[PDB]
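Peer 1: For the sequence shown, the residue numbers in PDB author numbering are 3 to 64, 68 to 229.
The C-beta atom is built at its ideal place from N, Cα and C for all residues, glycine as well.
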Amino acid sequence: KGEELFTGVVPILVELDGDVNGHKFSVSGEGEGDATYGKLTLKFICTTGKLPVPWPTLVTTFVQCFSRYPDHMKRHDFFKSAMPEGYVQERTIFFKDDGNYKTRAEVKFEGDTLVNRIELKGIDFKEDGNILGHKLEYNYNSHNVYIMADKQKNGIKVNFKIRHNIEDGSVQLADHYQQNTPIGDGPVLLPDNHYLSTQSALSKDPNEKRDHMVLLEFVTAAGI
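Below is the structure:
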């Protein structure tokens with residue numbers, strides 16, 4: 003019964019603390035989310051200074070409860086269903102032939118603000134690599150996210166790959182593995198497999214002098 007929660011535009015707050023190959027950094031993200039349209043709008047700041055890794059790489063990490074679930078599919082909205090209480094999102098993201106990322110985040114409401122708090126741990130990155138070497142283009146493609154229920158952990162398992170465009174026209178693969186679990190002891194909706202169609206556009210704020218990333222994104226469920 004989290005749907006009444008996402009009836010209008012909801013403020014979003016994003017906080018991440020990370021360490022990549024001994025590279026410590028932090029980001030703060032503020033924005034709005036309008037589930038009715040599967041639309042998200044945020045701005046991220048690298049508070050500790052210059053971001054050690056590349057922006058496009060943090061996107062997946064930086068609130069699926071803002072996805073638009075068509076009417077005929079609401080019974081599958083696990084995300085909104087964990088609402089108010091929230092849920093845990095954990096991930097292992099393997100960058101092909103490079104390091105991998107480990108994440109644990111908590112997705113919940115604090116008052117009337119939607120909060121995503123994350124701790125990220127990065128290891129085995131090559132300094133002479135795409136990531137560390139900053140060789141990714143500042144852009145992003147559309148992707149499908151497959152969702153299947155994890156009846157066991159009373160949650161869901163998600164799989165998907167992201168392709169990051171390399172500056173030489175090449176592509177860097179990012180294999181994502183993710184599990185979600187409700188924070189409460191309340192009931193949630195366990196869905197049948199389906200997927201989320203995600204579009205994203207990264208931009209920059211001219212008048213913004215700090216290290217950041219502006220983000221616009223739309224997400225709609227389908228495959229059902």
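(1) Do three or more CB pairs link the stretch 153-165 to the stretch 175-193 at distances below 8 Å?
(2) For residue 172, which option in 201, 145, 194 and 37 has the closest C-alpha, if you only look at C-alpha atoms?
(3) Excluding the 5 residues flanking residue 94 on each side, which residues of the same chain have their C-beta closer than 7 Å to its C-beta?
(4) Would DSSP call residue 72 helix, strand or coil?
(5) Do residue 72 and residue 40 have their C-beta atoms within less than 9 Å of each other?
(6) Can you give, in chain order, each stretch of the beta strand (DSSP E) that sits fully within the stretch 121-194 and has at least 3 residues?
(7) Do residue 154 and residue 196 have their C-beta atoms within less than 9 Å of each other?
(8) For residue 203, does the three-state DSSP call read helix, strand or coil?
(9) Can you tell me whether residue 218 is helix, strand or coil according to DSSP?
(10) Helix, strand or coil for residue 113 per DSSP?
(11) Using 9 Å as the threshold, is the C-beta distance between residue 7 and residue 88 below it?
(12) Could you check how far apart the C-beta atoms of residue 56 and residue 139 are, in whole angstroms? I think they sit under 8 Å.
(13) Could you give the first and the last residue of the continuous beta strand (DSSP E) run that contains residue 41?
(14) Determine the burial state of residue 151: buried for a count of at least 16 other Cβ atoms within 10 Å of its Cβ, exposed for fewer.
(15) Tell me, to the nearest whole angstrom, how far the beta carbon of residue 99 is from that of residue 218; I am working on the premise that it is less than 8 Å.
(16) Among 167, 4, 44 and 143, which residue has its Cα nearest to the Cα of residue 74?
(17) Going straight from the alpha carbon of residue 37 to that of residue 101, what length do you get?
(18) Starting from residue 85, trace the alpha helix (DSSP H) in both directions and tell me its first and last residue.
(19) In chain order, what residues of the same chain lie with their CB nearer than 8 Å to the CB of residue 124, ignoring the 5 residues before and after it?
(20) Could you pull the start and end residues of the beta strand (DSSP E) that residue 25 belongs to?
Peer 2: If we stick to the structure as given:
(1) yes
(2) Residue numbering aside, residue 172 sits at position 167 when the sequence shown is read from its first letter. Minimum Cα distance to residue 172 is reached at 145.
(3) As a first step, residue 94 must be located in the sequence shown, where it is residue number 89. Once the five neighbours on either side are set aside, the close Cβ partners of residue 94 are 110, 112, 183 and 185.
(4) Here the question's residue 72 lines up with position 67 in the sequence shown. Residue 72: coil per DSSP, three-state reduction.
(5) Counting from one through the sequence shown, the residue named residue 72 turns up at place 67. Counting from one through the sequence shown, the residue named residue 40 turns up at place 38. In contact: residue 72 and residue 40 (Cβ atoms closer than 9 Å).
(6) Annotation: the stretch 121-194 contains the following complete segments of the beta strand (DSSP E) (minimum length 3 residues), in chain order: 148-155, 160-170 and 176-187.
(7) As a first step, residue 154 must be located in the sequence shown, where it is residue number 149. As a first step, residue 196 must be located in the sequence shown, where it is residue number 191. Yes, the Cβ-Cβ distance between residue 154 and residue 196 is below 9 Å.
(8) Here residue 203 corresponds to residue number 198 of the sequence shown, with the count starting at 1. Strand, per DSSP.
(9) For this step, residue 218 is matched to residue 213 along the sequence shown. Three-state DSSP puts residue 218 in a strand.
(10) In the sequence shown, the residue the question calls residue 113 occupies position 108. Here residue 113 sits in strand by DSSP.
(11) Taking the sequence shown and counting its residues from 1, the one referred to as residue 7 is at position 5. Taking the sequence shown and counting its residues from 1, the one referred to as residue 88 is at position 83. It is a contact, given that the beta carbons lie within the stated cut-off.
(12) Taking the first residue of the sequence shown as position 1, residue 56 is located at position 54. Taking the first residue of the sequence shown as position 1, residue 139 is located at position 134. That pair is a contact at about 6 Å.
(13) One-based indexing of the sequence shown puts residue 41 at position 39. First-last of the beta strand (DSSP E) with residue 41: 41-48.
(14) In the sequence shown, the residue the question calls residue 151 occupies position 146. Classification for residue 151: exposed.
(15) Position 94 of the sequence shown, counting from 1, holds the residue named residue 99. Position 213 of the sequence shown, counting from 1, holds the residue named residue 218. Between residue 218 and residue 99 the Cβ distance is about 23 Å, and since that is not below 8 Å, they are no contact.
(16) Your numbering for residue 74 matches position 69 in the sequence shown. Per the Cα distances, 4.
(17) For the purposes of this step, residue 37 is taken as the residue at position 35 of the sequence shown. For the purposes of this step, residue 101 is taken as the residue at position 96 of the sequence shown. One C-alpha to the other measures close to 33 Å.
(18) Against the sequence shown, residue 85 aligns to sequence position 80. From DSSP, the alpha helix (DSSP H) with residue 85 extends over 83-86.
(19) The residue you call residue 124 lines up with position 119 of the sequence shown. Taken in chain order, the residues that qualify are 18, 19, 20, 108, 109 and 110.
(20) Here the question's residue 25 lines up with position 23 in the sequence shown. Note, residue 25: beta strand (DSSP E), 25-36.
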